[PDB]
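A.B. asks: These protein sequence lines are chains A, B and C, in that order. So in UniProt numbering, the last one in the first sequence is 768, and the numbering has no gaps at all. So in UniProt numbering, the last one in the second sequence is 1334, and the numbering has no gaps at all. Just so we're aligned: the third sequence equals residues 51 to 69, 104 to 344 in UniProt numbering. Ideal Cβ placement from N, Cα and C applies to all residues, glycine included. Dropping the structure in here first, questions after.
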Amino acid sequence: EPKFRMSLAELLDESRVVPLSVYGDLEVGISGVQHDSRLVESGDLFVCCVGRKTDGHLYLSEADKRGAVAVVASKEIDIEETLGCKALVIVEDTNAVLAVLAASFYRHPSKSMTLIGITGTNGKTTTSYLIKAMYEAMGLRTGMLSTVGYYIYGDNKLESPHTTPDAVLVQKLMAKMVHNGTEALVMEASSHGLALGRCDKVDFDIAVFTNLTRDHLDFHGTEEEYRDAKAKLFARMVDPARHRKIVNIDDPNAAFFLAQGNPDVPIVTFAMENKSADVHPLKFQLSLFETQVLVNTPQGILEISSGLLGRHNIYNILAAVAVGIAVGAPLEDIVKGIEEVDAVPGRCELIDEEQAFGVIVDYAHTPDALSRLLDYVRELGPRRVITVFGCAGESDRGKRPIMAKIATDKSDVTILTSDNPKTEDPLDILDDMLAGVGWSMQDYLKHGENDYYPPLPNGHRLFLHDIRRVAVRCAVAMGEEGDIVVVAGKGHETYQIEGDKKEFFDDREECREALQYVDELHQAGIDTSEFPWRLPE
Amino acid sequence: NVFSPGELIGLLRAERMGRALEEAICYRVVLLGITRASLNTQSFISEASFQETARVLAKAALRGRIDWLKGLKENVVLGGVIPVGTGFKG
Amino acid sequence: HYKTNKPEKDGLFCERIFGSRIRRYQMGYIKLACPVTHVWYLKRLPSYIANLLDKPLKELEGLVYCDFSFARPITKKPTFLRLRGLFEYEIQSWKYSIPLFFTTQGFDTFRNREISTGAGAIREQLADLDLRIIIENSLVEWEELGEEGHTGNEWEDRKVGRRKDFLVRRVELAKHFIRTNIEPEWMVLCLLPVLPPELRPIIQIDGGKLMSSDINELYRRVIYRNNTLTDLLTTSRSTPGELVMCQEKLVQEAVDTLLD
């Protein structure tokens, strides 16, 4: 039961799949037609995939090589040479072929059940799961797809290499879930996924943006391109008083996207400082464990969700409160959503439940995101800001010094490691990060022979180590009570590629074990105040 | 940087270096012995490896000494023609 | 082979790796699980390793023979264990708490940087030796010494002369390695050569007769101890350190006697 209405030629004919040239008919048995060659299987018709990386001819060639029965391309494609069925059809329109790849009944079920798209610059996945939990608490089973895992419908998420899977494969999975095991099939994609065409080829019931800003500026080549694409996709399939435009009023791209489309759709703002949005925290309970706010709005719920971040998590909770109140006016239904938001997900994780020093696992690789997360932690961090991260090999060489500078500018003590060696020589990119503060590895090594370790001119401190595990355990152990340790090297990722081989030894269980054994370390008498641990005798 | 405080250099070489170099070079005539003078030669195969055979090879392998076969017993141990008499060409 | 007079496979006088002048010229090689150190590079009165490591013979003898520990033999990666200990007669640290803290197999990847025992520690120390700053420090120490003018008895100026002679010998030894293509970490034997069979006393084998000499029985002893050591290392890694360090000493003393 992978899909339906895709194993007959009449089903493709009803789907307006006009290729202008076909041989015989689509008699080959195929559960669901997939535009992508990798998503399609042997003996299954594969329509042309429209994309900047892979064109129609390349997609048809890859499908014929993989064994697809039918391959669509602008020119004549010899798909029957290496296929299980001699019948094939070449479609000269790549976009039309990619649209008709999804079956009619397959696209109809996901469009009829429900749909919720969340394409934001920052904090989109934090609100997507909250909206999914709110919809689940409402009484309708649904799934929210993310960049880490593609989940068309249902609680479980299938493994996908790319951030946004194929549109035809996503539609087939959504149809299979809606057939049995799921009541709603919501397709949620980020700005890049929406601009590529993953979530664009799906009727979205509610298309709101968590954070509208310059997204895919280097890829699309023009600002507000992803917002315009999302607005066009929402206007393609829009219903009166059914689409939600909940977005921060401070962002001009959000207002520009809300201006486009059908005006009959409901519009609302989730800004806290704006008086027109009528939403406001009106509470002072920010903490590393839970930050509860008493929202006082006419449409929004009274209680808010406990967020780990000061403003980002609060903004995500405020954006999700609108989607939670749209289904049910009562605030009691948002209790499950608030509990799921406080569950400390992979992204911007909160501290551990055990009584110990705060540990925050974040996903920060780009300089701007790292800087904003560091600023939010400084605003949240009461006493100290301890961070440990590293750079990836064969990456942007100019990114390491600016990252090291932005980290050392606002952190008292920072540890520099090798987050992703990936065949690059160690102690080389580490020296690149050390050169940002003007130090060289030779100077730190010749100082390490002594027991002084002079600090930075601004008064801060900087440490480094080659291996990631020991340094991370030390950073988790070198922390004060009121201080919190931030690990911005990797978040939901669980892969460390040290050279040619990769090891999956990066997770929060190691931090939990370290926080559990720090008691025994302190009982033994070891000093974990600085990098040179004072070992007794 | 030219010579070390503890060295055994030739007399003519020392005199020529004194006439050449202005840096303070101080040397005193040492009267070697029958055994001591043989242990300090330009070859390690025969004229040096006859009495100790333990450290004369250790220090030679540590320094990587290149020995030019300009002696008699060196070529005797090697097996070639001795450069004395009929073997002396030129 | 007993009562067969045939060369046993993978032995001392075996075939295809030792065997008729090709047999007299062919040699063998034995891999050692634990590094060992040359006989005349250490025990002898001229101790080149001690002159290159700026440490008296007592501690190094201890590392090689007894069980002593260095603070950090190899200095090439950032270290966080502040020990500052030249030689520890006994182990008073929390070896069980520190190793079990981080992770299993997480302690092994970094223990060799600080906690190194055996001839491998000496090898790693000789490997990453900056031979261009050693001469600078030795020359500045020679210039500082002998200029203060602190007189005394014969035990004073005699010791001063011995120290400056050791320093000059160290400078002379260090200047050679810079321009001789000979690396200093080759003084330890990570692999042992094998003498050819005909060079060893071997007339013939008839009716299980073995013409093995003293060097042959020494080679048999060292290869027996080496294969037992590698079998003990391959069987279980959680065994007691005392027995494995004793066996490693046993093979080392054996290969030292063989080289002597």
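Taking the DSSP output, what are the residues bridged to A/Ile-347?
C.D. replies: According to DSSP, which records beta bridges pairwise, A/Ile-347 is partnered with A/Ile-437.
A.B. asks: How many angstroms separate the CA atom of residue 773 of chain A from the CA atom of A/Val-469?
C.D. replies: No information on residue 773 of chain A is available, as it lies outside the stretch 232 to 768 that chain A covers here.
A.B. asks: Which bits of chain C does A/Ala-755 rub up against, with CB to CB less than 7 Å?
C.D. replies: Near A/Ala-755 (Cβ distances below 7 Å), the residues of chain C are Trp-178 and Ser-181.
A.B. asks: Under the three-state reduction of DSSP, which class applies to A/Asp-731: helix, strand or coil?
C.D. replies: Coil.
A.B. asks: Do A/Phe-762 and A/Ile-617 come within 9 Å of each other at the CB atom, strictly closer than that value?
C.D. replies: No, the pair does not count as a contact, with Cβ atoms beyond the cut-off.
A.B. asks: Between A/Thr-441 and A/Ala-466, what straight-line distance do the alpha-carbon atoms span, to the nearest angstrom?
C.D. replies: A/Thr-441 and A/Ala-466: Cα-Cα distance of roughly 18 Å.
A.B. asks: Mind checking which residues open and close the beta strand (DSSP E) that includes A/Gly-555?
C.D. replies: That residue, A/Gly-555, is in no beta strand (DSSP E); its alpha helix (DSSP H) goes 543 to 558.
A.B. asks: Can you tell me which of the three DSSP states C/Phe-68 falls into?
C.D. replies: If DSSP states are grouped into helix, strand and coil, C/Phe-68 belongs with coil.
A.B. asks: Going along the chain, which residues of the stretch 1277 to 1300 of chain B sit with their C-beta nearer than 7 Å to a C-beta in chain C?
C.D. replies: If the cut-off is 7 Å between Cβ atoms, the stretch 1277 to 1300 of chain B has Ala-1298 and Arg-1299 near chain C.
A.B. asks: Taking the Cβ atom as the reference point for each residue, do A/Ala-299 and A/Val-271 lie within a distance shorter than 9 Å?
C.D. replies: Yes, these two residues count as a Cβ contact at 9 Å.
A.B. asks: In terms of residue numbering, what span does the beta strand (DSSP E) encompassing C/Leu-116 cover?
C.D. replies: Looking at the DSSP string, the run of the beta strand (DSSP E) that includes C/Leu-116 is 112 to 121.
A.B. asks: Spell out the partners DSSP gives C/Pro-277 in its beta bridges.
C.D. replies: C/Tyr-113, per the DSSP bridge assignment.
A.B. asks: Using 10 angstroms around the beta-carbon of A/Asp-295, count the other beta-carbons present and answer buried if the total reaches 16, otherwise exposed.
C.D. replies: Answer is buried; the Cβ neighbour count reaches 16.
A.B. asks: Against chain C, does A/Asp-656 count as a neighbour if the rule is that its beta carbon must be under 9 Å from one of theirs?
C.D. replies: Judged by the 9 Å Cβ criterion, A/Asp-656 is not in contact with chain C.
A.B. asks: Can you list the residues of chain C that A/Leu-752 reaches, using a CB-CB cut of under 9 Å?
C.D. replies: Ordered by position in chain C, the residues that pass the 9 Å Cβ test against A/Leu-752 are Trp-178, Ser-181, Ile-182 and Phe-185.
A.B. asks: Less than 9 Å between the C-beta atoms of A/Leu-448 and A/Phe-487, yes or no?
C.D. replies: Taking 9 Å as the Cβ cut-off, A/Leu-448 and A/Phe-487 do not qualify as a contacting pair.
A.B. asks: Here's the rule: buried if 16 or more other CB atoms are within 10 angstroms of the residue's CB, otherwise exposed. What is A/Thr-453?
C.D. replies: The residue in question, A/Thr-453, is exposed, as its Cβ has fewer than 16 Cβ neighbours within 10 Å.
A.B. asks: Which term fits B/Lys-1314, buried or exposed, when burial requires 16 or more other beta carbons within 10 angstroms of its beta carbon?
C.D. replies: Its Cβ having fewer than 16 others within 10 Å, B/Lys-1314 is exposed.
A.B. asks: Going by DSSP in three states, A/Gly-621 sits in which element: helix, strand or coil?
C.D. replies: The answer is strand: DSSP assigns A/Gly-621 an E or B state.
A.B. asks: Please name the residue or residues paired with A/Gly-589 in a DSSP beta bridge.
C.D. replies: According to DSSP, A/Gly-589 bridges with A/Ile-715.
A.B. asks: By Cβ distance, which residues of its chain are closer than 7 Å to B/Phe-1294, with the 5 residues on each side in sequence left out?
C.D. replies: Around B/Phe-1294: no qualifying Cβ.
A.B. asks: Report buried or exposed for A/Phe-435, applying the criterion of at least 16 other Cβ atoms within 10 angstroms of its Cβ.
C.D. replies: Buried.
A.B. asks: When DSSP labels each residue in this structure, what does A/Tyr-381 get in the three-state scheme?
C.D. replies: In the structure shown, A/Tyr-381 sits in a strand (DSSP, three-state: E or B).
A.B. asks: I'd like to know if B/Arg-1307 contacts chain C, where contact means its C-beta is closer than 9 Å to some C-beta of that chain.
C.D. replies: Yes, B/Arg-1307 lies at the interface with chain C (some Cβ there is under 9 Å from its Cβ).
A.B. asks: Assuming A/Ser-536 contacts A/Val-572 (C-beta within less than 8 Å), just tell me the rounded distance between them.
C.D. replies: With 8 Å as the limit, A/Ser-536 and A/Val-572 qualify as a contact, their Cβ atoms being about 4 Å apart.
A.B. asks: Could you give the residue range of the beta strand (DSSP E) that holds A/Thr-645?
C.D. replies: 644 to 651 is the span of the beta strand (DSSP E), which, as asked, contains A/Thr-645.
A.B. asks: A/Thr-648 and A/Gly-621 - do their beta-carbons sit closer together than 9 Å?
C.D. replies: Yes.
A.B. asks: Do C/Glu-198 and C/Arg-168 have their C-beta atoms within less than 9 Å of each other?
C.D. replies: Contact flag unset, no.
A.B. asks: Can you give me the C-alpha to C-alpha distance between C/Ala-205 and C/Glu-225, rounded to a whole angstrom?
C.D. replies: Taking the straight line joining both Cα atoms gives about 26 Å.
A.B. asks: Reducing DSSP to helix, strand and coil, say where C/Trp-178 ends up.
C.D. replies: Coil, per DSSP.
A.B. asks: Please state whether the Cβ-Cβ distance between A/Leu-539 and A/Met-503 is less than 9 Å.
C.D. replies: Not a contact, by the Cβ cut-off of 9 Å.
A.B. asks: Taking any Cβ of chain C, which residues in the stretch 597 to 631 of chain A have a Cβ under 8 Å from it, in chain order?
C.D. replies: For the stretch 597 to 631 of chain A, which is checked against every Cβ of chain C, not one residue is closer than 8 Å.
A.B. asks: Under the three-state reduction of DSSP, which class applies to A/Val-399: helix, strand or coil?
C.D. replies: Correct three-state label for A/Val-399: helix.
A.B. asks: Give the straight-line distance between the Cα atoms of C/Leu-302 and C/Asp-344, rounded to the nearest whole angstrom.
C.D. replies: In a straight line, the C-alpha of C/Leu-302 is about 11 Å away from that of C/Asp-344.
A.B. asks: Within 10 Å of its beta-carbon, does B/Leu-1252 have 16 or more other beta-carbons around it, so buried, or fewer, so exposed?
C.D. replies: The residue in question, B/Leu-1252, is exposed, as its Cβ has fewer than 16 Cβ neighbours within 10 Å.
A.B. asks: Can you give me, in chain order, the residues of the stretch 1248 to 1281 of chain B that have a beta carbon less than 9 Å from any beta carbon in chain C?
C.D. replies: Flagged, chain order: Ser-1248, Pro-1249, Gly-1250 and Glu-1251.
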